[PDB]
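Asker: First, the structure itself, so that you have it in front of you.
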Amino acid sequence: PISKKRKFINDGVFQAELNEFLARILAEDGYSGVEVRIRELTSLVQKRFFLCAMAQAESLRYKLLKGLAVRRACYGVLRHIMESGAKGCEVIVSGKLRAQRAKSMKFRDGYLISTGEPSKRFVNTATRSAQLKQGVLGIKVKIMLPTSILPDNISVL
Amino acid sequence: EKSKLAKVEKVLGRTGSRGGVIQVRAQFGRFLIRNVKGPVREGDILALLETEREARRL
Amino acid sequence: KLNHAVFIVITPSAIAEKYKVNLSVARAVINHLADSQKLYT
Amino acid sequence: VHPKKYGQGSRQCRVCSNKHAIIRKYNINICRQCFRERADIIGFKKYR
Amino acid sequence: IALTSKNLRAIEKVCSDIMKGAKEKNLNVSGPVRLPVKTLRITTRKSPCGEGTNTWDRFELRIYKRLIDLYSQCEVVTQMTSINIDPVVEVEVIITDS
Amino acid sequence: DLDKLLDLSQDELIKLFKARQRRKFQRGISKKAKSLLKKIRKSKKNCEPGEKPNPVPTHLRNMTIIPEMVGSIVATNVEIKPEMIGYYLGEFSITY
Amino acid sequence: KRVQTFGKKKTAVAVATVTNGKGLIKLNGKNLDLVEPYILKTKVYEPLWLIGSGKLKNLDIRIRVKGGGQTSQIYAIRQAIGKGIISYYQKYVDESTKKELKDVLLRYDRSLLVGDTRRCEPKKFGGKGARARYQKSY
Amino acid sequence: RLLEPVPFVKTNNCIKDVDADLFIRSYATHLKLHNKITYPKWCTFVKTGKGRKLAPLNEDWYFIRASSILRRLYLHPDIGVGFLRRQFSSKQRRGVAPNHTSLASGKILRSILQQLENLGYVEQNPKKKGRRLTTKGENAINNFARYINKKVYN
Amino acid sequence: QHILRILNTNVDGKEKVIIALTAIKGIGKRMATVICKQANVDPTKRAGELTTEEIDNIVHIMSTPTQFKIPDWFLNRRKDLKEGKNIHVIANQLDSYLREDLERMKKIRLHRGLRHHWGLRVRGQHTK
Amino acid sequence: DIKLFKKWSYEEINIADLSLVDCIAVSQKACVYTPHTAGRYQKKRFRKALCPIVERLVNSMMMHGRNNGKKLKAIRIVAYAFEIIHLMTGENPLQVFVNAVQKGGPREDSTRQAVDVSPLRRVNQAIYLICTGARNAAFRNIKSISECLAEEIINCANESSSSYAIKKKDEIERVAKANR
RNA sequence: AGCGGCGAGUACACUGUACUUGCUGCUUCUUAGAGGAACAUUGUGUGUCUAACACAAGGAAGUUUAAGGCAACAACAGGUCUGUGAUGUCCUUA
RNA sequence: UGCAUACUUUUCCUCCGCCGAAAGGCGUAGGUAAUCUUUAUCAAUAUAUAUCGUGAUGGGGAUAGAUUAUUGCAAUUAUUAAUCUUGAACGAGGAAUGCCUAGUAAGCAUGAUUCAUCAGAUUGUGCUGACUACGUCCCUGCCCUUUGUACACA
Ligand SMILES: [Mg+2]
Ligand SMILES: [Mg+2]
Ligand SMILES: [Mg+2]
Ligand SMILES: [Mg+2]
Ligand SMILES: [Zn+2]
């Protein structure tokens, strides 16, 4: 017997844990999922228990690990996003990056709403920290998805 | 010491560097442009003592 | 200072003012006359 | 070994094993900074 | 029947569906009664450090408990419950005479 | 009297003492306290009536003084009189 | 026959059940003789005085109060009474009389019919109250 | 003192239609007259609750307390000792640290309750919860209230 | 008797009895009240109208209250350190007792005693 | 019949200022039986003009931190004062209050030079001054607040410089004169 | 969650009121989902009689009704490696 | 006093009934919660009636002294709590400076967070419900146009 409040929190915690586990495991995957080769994963979960932004971020991280010219990679990513039908994007990469000191680099394409509950709704955001030569490079990707309609527009027929 | 009644016709501009004072036009029944320190509207009546001595407009 | 005593249009303050007394004594006097703030005539 | 059952050093964060600043309400047992990051996934939305 | 959940609209939809199911036949269904939403509020201090004018943030996990009654046999109620449904809405059926 | 106190039971002693001490006694005394007591006894046995016996270096400051431990020295060093009784150990660590 | 309306000041909902009867007027289980403090007593009696004591010999009233402090409760009660009597008149007595009563109430003051919408504003961090911040020494 | 021109009639039937303090006083007086309830031993040098840091200063405070308790019982269905204590709570100034609310000394209350039950005014109900009024006691209380009302009218 | 003397060094002037009594170093308020109750004398009367016999009685009561009905837990200075009785200490006697205690503490070289000697806190307070 | 404190009717009251009438409304809808109104007197600029004068007085009395937000007490005090006025120095207390108010406003003030004062502001000042003086009288005296307040009111009515508020007003006037 | 409905009483009123045990149309209050309601609407001023403001009536409400939440761009060599198994190098490793 | 074996309520909110001045204790009862703690009332300011009577005063509760408990393996450099007593500074606060415009200031409490125990903290929540603006650029700080610059680490 466990109370409702207690249960809910516990469930949330479990969800979080699962997510983290997935992140740890699947560096080679276009990960989003969270709905329940894979046999091992299932076993692990049992033991424990008794277009998208995250994927893009992961891809970026992988690219960084591989060792590209950075800017080019970012551009490619942006292009991909555009192809996948995004109204707007934004990527940031801050960290060490070539020089020792500082250096945050923005990469926007289409328009990116930041403030309001629309932002909360109509953007998928993701954050990965790609470990590299002499520290960490800091990805953050932010995608504005196709709307189910924005509050700013007033479409007269 | 003797107070004379002056009904306010129009409130001109809020003077004083710090903003507490107002410029006011008042009829007894002659036009006397005077200063006031506190909330005043049209129709309200002032308590003027030294009647014939006016203020500077904005 | 004003050390008022005990041994020897009605309100307690007035009484205190007049005969130089503690206000408990004033209250007592009032009660006697009759026989948390006060008013009497 | 000395009694590690009731005190700040008894239990810890689930996430990073830190003995400091644990949200101990509703048996969450996450140190508050970590909770702040995972508040979305747990289902804690800021309204007001 | 008690329907505990986190997401309001979804819960409402579920309730509606069950009502619809009931209205088929044989079910003296009392209307959906939504219960007092006992909101889990956490007030965490933002900022890992002690720097910056200490802004807090009131999170609210607001649980919606929903309640609904019936005079029926178990199998039928089970069938009714089967609207497919998903991991989000937590259902519990009580099959008591009292 | 002191001798009388020494003679009588532990329960009686506990009853006599102030309440914290009593509570502690009720709770128990731990494995170290017993050892300490034993050591004290040994010291007493070894003693000379002219000059006091060898000290007993002690890490912990928690111990209540009982008629067992009168006449000896303990821990820096502190001599234990019958005037002290239920007033704890301590007297160890602070400057100025 | 019997009519149920509420008052509302802050939190403090006084629910006035106004029924056919002899003219007693009560609170939970107690007469309006009590209320509590002698000073505020008039704020409850005022609508009755306005309308007239003879008009309420046809109408019994019970009032259930819940929530709030003292003064707020009193206000709520008053509001309930005001809404209550008028509501009764609108249904079971004539319209002209009701209108007259309303006019009388308006002439006296607001708050009897229409409610006080004010409520305790949320306290904000960096302070004790709503607006009142802490203190900087530089 | 209390009386005034009101816009209604008062059904002076039960104690809820009586002014409290006066009623309590009257009841105390009645008790005194009877000699129906004692003044134990410790009563005459005890403090009614943590927060009071001082004795009552009323002489026959016990009687008053009893009267109050009776009224409380009448008001509520089933009322414990804890509840009673809570009811007779005050602010405890902790000198320099700010005030807290202070639960009353329950022992005296309990004693009073016991006395009442012995006399046949209150009743430990096996159904429900702790000690309500006994019907006879209630009736007596009502009668007293009525008497008080009559006196006031006079 | 506007101005009075119940014990070693008092004033007890025009004030209402209980508060006059409280001038002594059994200045309890509550204690005073209890004493008055024990005596059976009207506390609404002033200090100046009291009889000498009454005063004497009060004094007697104050000295060893344990044998009187007035209870045990109440008494100022609980066990009296000197392993024996429980008694209210009263007036300059109290002060003397305190002094003795302090001396004892000093002799012991218990931390509290040392602190007292120094002129520092004792309580556990900071004063930084 | 319409009444205040079930005692002083204010149908008998008189005014004879014009300006003050315009400022303070003791009227048909500003009728009141006990000061405590939960009115919305500060949501507008001039809505304080609708406010009954007794209420204002009570509010003024309410001041000073450790006595702040104790409306009932203030009301009681004012009632007591009124009673005193009625009894000793026999007159309709409302009238006396009105007179005091009339007296109280400094008609000309100083600034960073001399300027005139709006009626409402003057009234407010008077209200403040009377209460402040009363408070001062009370503080570490004995007398009692209600009595002191009553005395102050009477002094104001008289127009006599034994009380504090009047003195203050006079001083202000003098200052104004000096300025211009 | 209540309100009544009504049995059962215990007290007192007039020719109903206060209070408990037992049984089971209404939704004003109690809960909480979806809707509605204010837009300066009508009235009158001031305003390039533009954007707009002030007053009055209505009204639950007329300072985007009140309060928050969200938080662009760019930084600060601001803070935090003492939140982290985010993390580089250097140190330390019986 | 130790281990081993068997078996079952208790680990948090406390109703209630008894013991206890008090704190607390013991026994039991409901509650994994709109059901029970408890909420048609868990608080204090309130208010009413008494005692004081302007007197460092019964304002004030610092500092101290000695017990009775509770928490904990452990309470001294006193966890906190209670009981008795001790009766310090302070008679409204200098130079400076903070917060605030309507359910707001202030007062009054109280829930929660920390929590084995411990709010004088924070964070929420309410209850009593003022004054004064309804503006201005005088100061302070930001922002703007113009202007000047040898500053750009500004
Ligand atoms: Mg936008
Ligand atoms: Mg803190
Ligand atoms: Mg500043
Ligand atoms: Mg340069
Ligand atoms: Zn962590």
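Residue numbering restarts at 1 in every chain; chains get A, B, ... in the order shown in the structure tokens, and ligands count up from 1 in that same order.
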Which chains and residue numbers are within 12 Å of ligand 4, counting only C-alpha atoms (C1' of nucleotides) and all ligand atoms, if I want them as a PyMOL selection string?
Answerer: chain L and resi 150-154
Asker: Near region 41-58 of chain E, within 12 Å and counting only C-alpha atoms (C1' of nucleotides), which residues show up once chain neighbours fewer than 5 positions away are dropped, as a ChimeraX atom specification?
Answerer: /A:5,9 /D:20-26,28,30-37,39,42-48 /E:63 /G:124-127,133-136 /K:68-69,78-80,82-84 /L:112-113,122-124
Asker: May I have the residues within 9 Å of ligand 3, computed using only C-alpha atoms (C1' of nucleotides) and all ligand atoms, as an MDAnalysis selection string?
Answerer: chainID L and resid 97:98 140:141
Asker: Neighbouring residues of residue 111 (chain H) were defined as those with any atom within 12 Å, considering only C-alpha atoms (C1' of nucleotides); residues of the same chain fewer than 4 positions away were excluded. Please report them as a list in words.
Answerer: residues 37, 38, 39, 40, 41, 42, 43, 62, 65, 66, 69, 81, 105, 106, 107, 115, 116, 117 and 118 of chain H; 18 and 19 of chain L
Asker: Would you export the selected residues with N, CA and C atoms (P, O5', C5', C4', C3', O3' and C1' of nucleotides) as a PDB file, in the first residue's frame, please?
Answerer:
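New file selection-v6.pdb:
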```
ATOM      1  N   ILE H  37     -19.560  20.519  43.207  1.00  0.00           N
ATOM      2  CA  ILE H  37     -18.226  20.169  42.706  1.00  0.00           C
ATOM      3  C   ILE H  37     -17.134  20.739  43.632  1.00  0.00           C
ATOM      4  N   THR H  38     -16.062  19.966  43.821  1.00  0.00           N
ATOM      5  CA  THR H  38     -15.020  20.257  44.823  1.00  0.00           C
ATOM      6  C   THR H  38     -13.995  21.262  44.257  1.00  0.00           C
ATOM      7  N   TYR H  39     -12.789  21.292  44.827  1.00  0.00           N
ATOM      8  CA  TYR H  39     -11.698  22.126  44.337  1.00  0.00           C
ATOM      9  C   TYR H  39     -10.359  21.379  44.520  1.00  0.00           C
ATOM     10  N   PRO H  40     -10.294  20.102  44.068  1.00  0.00           N
ATOM     11  CA  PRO H  40      -9.333  19.051  44.450  1.00  0.00           C
ATOM     12  C   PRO H  40      -8.262  19.409  45.524  1.00  0.00           C
ATOM     13  N   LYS H  41      -6.974  19.202  45.235  1.00  0.00           N
ATOM     14  CA  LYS H  41      -5.885  19.645  46.117  1.00  0.00           C
ATOM     15  C   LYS H  41      -5.022  20.654  45.370  1.00  0.00           C
ATOM     16  N   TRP H  42      -4.441  20.195  44.263  1.00  0.00           N
ATOM     17  CA  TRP H  42      -3.486  20.983  43.472  1.00  0.00           C
ATOM     18  C   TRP H  42      -4.101  22.201  42.773  1.00  0.00           C
ATOM     19  N   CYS H  43      -5.421  22.194  42.566  1.00  0.00           N
ATOM     20  CA  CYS H  43      -6.157  23.327  41.974  1.00  0.00           C
ATOM     21  C   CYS H  43      -5.722  24.704  42.478  1.00  0.00           C
ATOM     22  N   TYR H  62     -12.112  27.422  38.771  1.00  0.00           N
ATOM     23  CA  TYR H  62     -12.394  26.032  38.478  1.00  0.00           C
ATOM     24  C   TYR H  62     -13.853  25.863  38.035  1.00  0.00           C
ATOM     25  N   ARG H  65     -14.484  27.298  34.663  1.00  0.00           N
ATOM     26  CA  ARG H  65     -13.914  26.367  33.680  1.00  0.00           C
ATOM     27  C   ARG H  65     -14.902  25.247  33.389  1.00  0.00           C
ATOM     28  N   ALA H  66     -15.440  24.698  34.469  1.00  0.00           N
ATOM     29  CA  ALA H  66     -16.412  23.601  34.411  1.00  0.00           C
ATOM     30  C   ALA H  66     -17.628  24.023  33.586  1.00  0.00           C
ATOM     31  N   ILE H  69     -16.844  24.256  29.958  1.00  0.00           N
ATOM     32  CA  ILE H  69     -16.734  22.883  29.453  1.00  0.00           C
ATOM     33  C   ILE H  69     -18.103  22.359  29.137  1.00  0.00           C
ATOM     34  N   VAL H  81     -10.532  15.281  25.615  1.00  0.00           N
ATOM     35  CA  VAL H  81      -9.706  16.101  26.499  1.00  0.00           C
ATOM     36  C   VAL H  81      -8.771  16.977  25.681  1.00  0.00           C
ATOM     37  N   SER H 105      -3.160  22.979  30.086  1.00  0.00           N
ATOM     38  CA  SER H 105      -2.838  21.905  31.018  1.00  0.00           C
ATOM     39  C   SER H 105      -4.080  21.034  31.110  1.00  0.00           C
ATOM     40  N   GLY H 106      -4.004  19.843  30.528  1.00  0.00           N
ATOM     41  CA  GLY H 106      -5.170  19.009  30.341  1.00  0.00           C
ATOM     42  C   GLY H 106      -5.654  18.297  31.585  1.00  0.00           C
ATOM     43  N   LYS H 107      -4.773  18.148  32.576  1.00  0.00           N
ATOM     44  CA  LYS H 107      -5.026  17.343  33.752  1.00  0.00           C
ATOM     45  C   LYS H 107      -6.254  17.850  34.488  1.00  0.00           C
ATOM     46  N   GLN H 115     -15.309  14.538  37.420  1.00  0.00           N
ATOM     47  CA  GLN H 115     -16.212  15.032  38.464  1.00  0.00           C
ATOM     48  C   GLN H 115     -17.640  15.108  37.928  1.00  0.00           C
ATOM     49  N   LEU H 116     -17.739  15.678  36.729  1.00  0.00           N
ATOM     50  CA  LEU H 116     -19.028  15.870  36.063  1.00  0.00           C
ATOM     51  C   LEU H 116     -19.698  14.504  35.845  1.00  0.00           C
ATOM     52  N   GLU H 117     -18.898  13.553  35.376  1.00  0.00           N
ATOM     53  CA  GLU H 117     -19.439  12.226  35.098  1.00  0.00           C
ATOM     54  C   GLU H 117     -19.920  11.565  36.380  1.00  0.00           C
ATOM     55  N   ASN H 118     -19.159  11.742  37.455  1.00  0.00           N
ATOM     56  CA  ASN H 118     -19.522  11.220  38.773  1.00  0.00           C
ATOM     57  C   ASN H 118     -20.869  11.778  39.211  1.00  0.00           C
TER      58      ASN H 118
ATOM     59  P     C L  18     -10.613   9.375  31.010  1.00  0.00           P
ATOM     60  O5'   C L  18      -9.799   8.158  31.643  1.00  0.00           O
ATOM     61  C5'   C L  18      -9.156   8.262  32.926  1.00  0.00           C
ATOM     62  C4'   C L  18      -7.973   7.321  33.015  1.00  0.00           C
ATOM     63  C3'   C L  18      -6.704   7.921  33.602  1.00  0.00           C
ATOM     64  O3'   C L  18      -6.800   7.995  35.024  1.00  0.00           O
ATOM     65  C1'   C L  18      -6.159   6.807  31.605  1.00  0.00           C
ATOM     66  P     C L  19      -6.485   9.375  35.796  1.00  0.00           P
ATOM     67  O5'   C L  19      -4.900   9.341  35.942  1.00  0.00           O
ATOM     68  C5'   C L  19      -4.245   8.239  36.604  1.00  0.00           C
ATOM     69  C4'   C L  19      -2.763   8.252  36.321  1.00  0.00           C
ATOM     70  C3'   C L  19      -2.040   9.568  36.563  1.00  0.00           C
ATOM     71  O3'   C L  19      -1.768   9.807  37.944  1.00  0.00           O
ATOM     72  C1'   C L  19      -1.328   8.634  34.507  1.00  0.00           C
TER      73        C L  19
END
```
Asker: Mind checking which residues fall within 9 Å of residue 40 (chain C), counting only C-alpha atoms (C1' of nucleotides), ignoring those fewer than 6 positions away in the same chain, and posting them as number ranges by chain?
Answerer: C: 9-11, 30, 34
Asker: How about saving the chosen residues, N, CA, C and O atoms kept, as a short mmCIF file (atom, residue, chain, number, x, y, z; two decimals), in the first residue's frame?
Answerer:
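That gives us again-v2.cif:
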```
data_model
loop_
_atom_site.label_atom_id
_atom_site.label_comp_id
_atom_site.auth_asym_id
_atom_site.auth_seq_id
_atom_site.Cartn_x
_atom_site.Cartn_y
_atom_site.Cartn_z
N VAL C 9 -18.69 65.42 38.40
CA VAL C 9 -18.86 64.90 37.04
C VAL C 9 -17.84 63.75 36.83
O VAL C 9 -16.67 63.99 36.54
N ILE C 10 -18.31 62.50 36.96
CA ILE C 10 -17.45 61.37 37.38
C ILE C 10 -16.79 60.56 36.24
O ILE C 10 -17.47 59.91 35.43
N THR C 11 -15.45 60.59 36.25
CA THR C 11 -14.59 59.71 35.43
C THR C 11 -13.27 59.45 36.20
O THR C 11 -12.95 60.22 37.12
N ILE C 30 -15.51 55.27 42.53
CA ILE C 30 -16.61 55.26 41.56
C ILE C 30 -17.64 54.19 41.95
O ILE C 30 -18.86 54.45 41.96
N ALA C 34 -21.54 54.56 43.08
CA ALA C 34 -22.58 53.79 42.39
C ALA C 34 -23.47 53.09 43.41
O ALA C 34 -24.71 53.13 43.32
#
```
Asker: Taking only C-alpha atoms (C1' of nucleotides) into account, what are the residues of chain K at most 10 Å from chain A, put as a ChimeraX atom specification?
Answerer: /K:69-72,77,86-89
Asker: Please produce, as a Markdown table, a per-residue contact table for chain H versus chain L (criterion: any atom at most 6 Å away, only C-alpha atoms (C1' of nucleotides) considered), showing the nearest atom pair and its distance in Å to one decimal, sorted by chain then residue number.
Answerer:
```
| residue | atom | partner | partner_atom | distance |
| --- | --- | --- | --- | --- |
| H:46 | CA | L:21 | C1' | 5.7 |
| H:95 | CA | L:61 | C1' | 5.3 |
| H:97 | CA | L:120 | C1' | 5.1 |
| H:130 | CA | L:16 | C1' | 5.9 |
```
Asker: With N, CA and C atoms retained, could you export that selection as an mmCIF file, in the first residue's frame?
Answerer:
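Here's the written file result.cif:
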```
data_model
loop_
_atom_site.group_PDB
_atom_site.id
_atom_site.type_symbol
_atom_site.label_atom_id
_atom_site.label_comp_id
_atom_site.auth_asym_id
_atom_site.auth_seq_id
_atom_site.Cartn_x
_atom_site.Cartn_y
_atom_site.Cartn_z
ATOM 1 N N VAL H 46 -1.939 25.614 40.984
ATOM 2 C CA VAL H 46 -1.545 25.208 39.621
ATOM 3 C C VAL H 46 -1.782 26.324 38.608
ATOM 4 N N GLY H 95 9.491 34.857 25.778
ATOM 5 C CA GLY H 95 10.330 36.031 25.926
ATOM 6 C C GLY H 95 10.777 36.628 24.605
ATOM 7 N N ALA H 97 12.167 34.876 21.711
ATOM 8 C CA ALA H 97 11.692 34.160 20.529
ATOM 9 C C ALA H 97 10.195 34.460 20.386
ATOM 10 N N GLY H 130 -14.988 10.569 22.425
ATOM 11 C CA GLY H 130 -14.894 10.944 23.830
ATOM 12 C C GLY H 130 -16.038 11.792 24.362
#
```
Asker: Run DSSP on the backbone and give me the residues of chain A it puts in alpha helix (DSSP H), as a ChimeraX atom specification.
Answerer: /A:4-25,39-49,53-66,71-83,117-122
Asker: Do a neighbour search on region 1-11 of chain B at 9 Å with only C-alpha atoms (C1' of nucleotides), toss out local chain neighbours closer than 2 positions, and write the hits as a PyMOL selection string.
Answerer: (chain B and resi 13-14+22-30+32+40-51) or (chain J and resi 17-19+107+173)
Asker: Write down, as a PyMOL selection string, each residue of chain F that has any atom within 8 Å of an atom of chain I, counting only C-alpha atoms.
Answerer: chain F and resi 1+84+90-91
Asker: Export, as a compact mmCIF listing (two decimals), in the first residue's frame, the selected residues with N, CA and C atoms.
Answerer:
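The new file out.txt reads:
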```txt
# COMPACT_ATOMS: atom_id res chain seq x y z
N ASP F 1 25.55 10.72 52.62
CA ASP F 1 26.96 10.27 52.82
C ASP F 1 27.52 9.71 51.51
N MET F 84 32.14 15.80 42.88
CA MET F 84 31.66 15.88 41.49
C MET F 84 30.38 15.08 41.25
N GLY F 90 34.40 15.38 30.44
CA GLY F 90 34.73 16.64 29.78
C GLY F 90 36.00 17.26 30.34
N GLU F 91 36.03 18.59 30.40
CA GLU F 91 37.17 19.37 30.92
C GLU F 91 38.44 19.18 30.06
```
Asker: If the cut-off is 6 Å, can you tell me the residues of chain L near chain G, counting only C-alpha atoms (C1' of nucleotides)? I'd like them as a list in words.
Answerer: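 Only these qualify: residues 47, 98, 99, 103 and 127 of chain L.
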Asker: Those residues with N, CA and C atoms (P, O5', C5', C4', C3', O3' and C1' of nucleotides), as a PDB file, in the first residue's frame please?
Answerer:
```pdb
ATOM      1  P     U L  47     -10.076  44.699  20.082  1.00  0.00           P
ATOM      2  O5'   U L  47     -11.457  44.086  20.588  1.00  0.00           O
ATOM      3  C5'   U L  47     -12.720  44.443  19.992  1.00  0.00           C
ATOM      4  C4'   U L  47     -13.826  43.550  20.515  1.00  0.00           C
ATOM      5  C3'   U L  47     -14.224  43.751  21.970  1.00  0.00           C
ATOM      6  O3'   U L  47     -15.087  44.869  22.167  1.00  0.00           O
ATOM      7  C1'   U L  47     -13.937  41.452  21.575  1.00  0.00           C
ATOM      8  P     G L  98      18.241  53.478   0.475  1.00  0.00           P
ATOM      9  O5'   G L  98      17.378  52.250   1.007  1.00  0.00           O
ATOM     10  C5'   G L  98      17.936  50.924   1.086  1.00  0.00           C
ATOM     11  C4'   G L  98      17.011  49.998   1.839  1.00  0.00           C
ATOM     12  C3'   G L  98      15.626  49.833   1.241  1.00  0.00           C
ATOM     13  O3'   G L  98      15.667  48.917   0.156  1.00  0.00           O
ATOM     14  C1'   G L  98      15.435  50.175   3.567  1.00  0.00           C
ATOM     15  P     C L  99      14.732  49.141  -1.123  1.00  0.00           P
ATOM     16  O5'   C L  99      13.279  48.820  -0.560  1.00  0.00           O
ATOM     17  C5'   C L  99      12.947  47.484  -0.154  1.00  0.00           C
ATOM     18  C4'   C L  99      11.612  47.451   0.550  1.00  0.00           C
ATOM     19  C3'   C L  99      10.433  48.056  -0.189  1.00  0.00           C
ATOM     20  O3'   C L  99       9.988  47.242  -1.271  1.00  0.00           O
ATOM     21  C1'   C L  99      10.338  48.708   2.068  1.00  0.00           C
ATOM     22  P     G L 103      -6.958  45.060  -4.711  1.00  0.00           P
ATOM     23  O5'   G L 103      -6.453  43.798  -3.880  1.00  0.00           O
ATOM     24  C5'   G L 103      -7.100  43.402  -2.658  1.00  0.00           C
ATOM     25  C4'   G L 103      -6.189  43.652  -1.481  1.00  0.00           C
ATOM     26  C3'   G L 103      -5.582  42.412  -0.833  1.00  0.00           C
ATOM     27  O3'   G L 103      -4.384  42.882  -0.222  1.00  0.00           O
ATOM     28  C1'   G L 103      -7.016  43.414   0.699  1.00  0.00           C
ATOM     29  P     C L 127      -8.850  35.644   5.117  1.00  0.00           P
ATOM     30  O5'   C L 127      -8.738  36.257   6.579  1.00  0.00           O
ATOM     31  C5'   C L 127      -9.362  35.590   7.681  1.00  0.00           C
ATOM     32  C4'   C L 127      -8.878  36.151   8.996  1.00  0.00           C
ATOM     33  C3'   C L 127      -8.917  37.663   9.151  1.00  0.00           C
ATOM     34  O3'   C L 127     -10.225  38.135   9.437  1.00  0.00           O
ATOM     35  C1'   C L 127      -6.814  36.905   9.833  1.00  0.00           C
TER      36        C L 127
END
```
